[PDB]
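Visitor: Here's a structure for you.
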Amino acid sequence: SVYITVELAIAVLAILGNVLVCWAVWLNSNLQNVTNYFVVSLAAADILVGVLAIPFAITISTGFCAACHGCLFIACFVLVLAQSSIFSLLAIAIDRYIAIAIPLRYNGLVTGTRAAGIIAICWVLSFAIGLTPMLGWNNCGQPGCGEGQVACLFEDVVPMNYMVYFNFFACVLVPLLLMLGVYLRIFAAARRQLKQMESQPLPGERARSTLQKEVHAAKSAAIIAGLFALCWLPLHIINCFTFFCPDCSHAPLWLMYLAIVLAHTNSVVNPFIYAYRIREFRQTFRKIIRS
Ligand SMILES: CCCn1c(=O)c2[nH]c(-c3ccc(OCC(=O)NCCN)cc3)nc2n(CCC)c1=O
């Protein structure tokens, strides 16, 4: 009952953490910029983790009896909160690039309306993809509970070719390669901006201070994105060994859940990574708590 306790501990932190973030964005209007619109999506997503994803993962770990629809949802719900966080983290990457690359067209393109528009689309695509196994890509009844109910054991109810080719490579590895590819252009150009501002006949520390505050936000966004891959790769890497190499000793359970716990921990780093990186956030929280 240790894994249960640990999973329950993360559930609390994942709620309190991201809920606190959603509150600070509501109170302090200095955080209600188009950028943090996606951050809220990342928060809400990482809230449902400690609200449904984890409660589901703890239930499906022991396995239960239910229809294919009810079983797949409880099995592929985490794939929704994981996919949404991909779009949120991707947008934040693009966004931070737009600000540094084209600061002028930033306010013209990056609008508080298009943001809410893309987010909605991202969520819709997150359910279509994250719940593709529910469309037909499943192992329900492939060569106890009785007719009508299927032993809801994930590895038995959800394919591996999907978790690898479709989910991992295409819906995780590729994005994280675009994201990393984006940050490559960000800091590469950001340091060029500082070099051009190095041959200017005037001080203009305003464009510098603003540039260093745009980079300080693009870097903070890089650390948020970086922690995602750092907390999901282990789980996927494990599934690449089991699939591509049937011979390779199927990963142990004591090491399997660790890659699962690590994936639920990612939902908690975001709140704490704001209170540290962004000085504007920590002061906002500090006020909420006291009062
Ligand atoms: C790309 C990842 C694909 N993928 C998995 O490979 C996976 N594996 C397990 C999984 C779950 C429980 C296990 O043992 C529980 C146990 O006995 N613990 C004892 C601790 N002392 C083993 C494996 N859940 C998984 N899910 C999530 C499905 C909702 C998933 O999406």
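No Cβ is skipped: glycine too gets one built from the backbone with ideal geometry, and neighbour counts run over all protein chains shown. Each reported figure results from applying straightforward, stated rules to the coordinates on display, with no laboratory input.
Visitor: Hey, which of the helices (runs of 4 or more DSSP H) in region 1-63, taking only ones fully inside, have at least 2 residues that are over 19 Å from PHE154 (Cβ atoms)?
Guide: 2-27, 34-48
Visitor: While we're here: Find the residue count for region 1-36, including only residues that are aromatic (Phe, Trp, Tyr) and away from the ligand (no atom under 16 Å from the Cβ).
Guide: Total meeting the criteria: 2.
Visitor: While we're on this one: Would you call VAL49 under 14 Å from the mean Cα position of the chain (by Cα) and within 13 Å of the ligand (Cβ to nearest atom)?
Guide: So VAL49 passes the test.
Visitor: In this structure, is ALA75 out of contact with any helix residue (DSSP H, G or I) (no Cβ under 6 Å at 6 or more places or on another chain), buried (at least 20 other Cβ atoms within 10 Å of the Cβ) and not in a loop (DSSP other than H, G, I, E, B)?
Guide: Against the criterion (out of contact with any helix residue (DSSP H, G or I) (no Cβ under 6 Å at 6 or more places or on another chain), buried (at least 20 other Cβ atoms within 10 Å of the Cβ) and not in a loop (DSSP other than H, G, I, E, B)), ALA75 does not qualify.
Visitor: Also: Which residues, taken from region 52-95, are within 26 Å of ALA225 (Cβ to Cβ) and away from the ligand (no atom under 12 Å from the Cβ)?
Guide: Matches in region 52-95: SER84, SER85, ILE86, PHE87, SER88, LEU89, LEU90, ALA91, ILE92, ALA93, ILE94, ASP95.
Visitor: Can you name every residue in region 67-97 that is closer than 21 Å to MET160 by Cβ, among the aliphatic types (A, V, I, L, M) and out of contact with any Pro (no Cβ under 6 Å at 6 or more places or on another chain)?
Guide: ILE74, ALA75, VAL78, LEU79, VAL80, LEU81, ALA82
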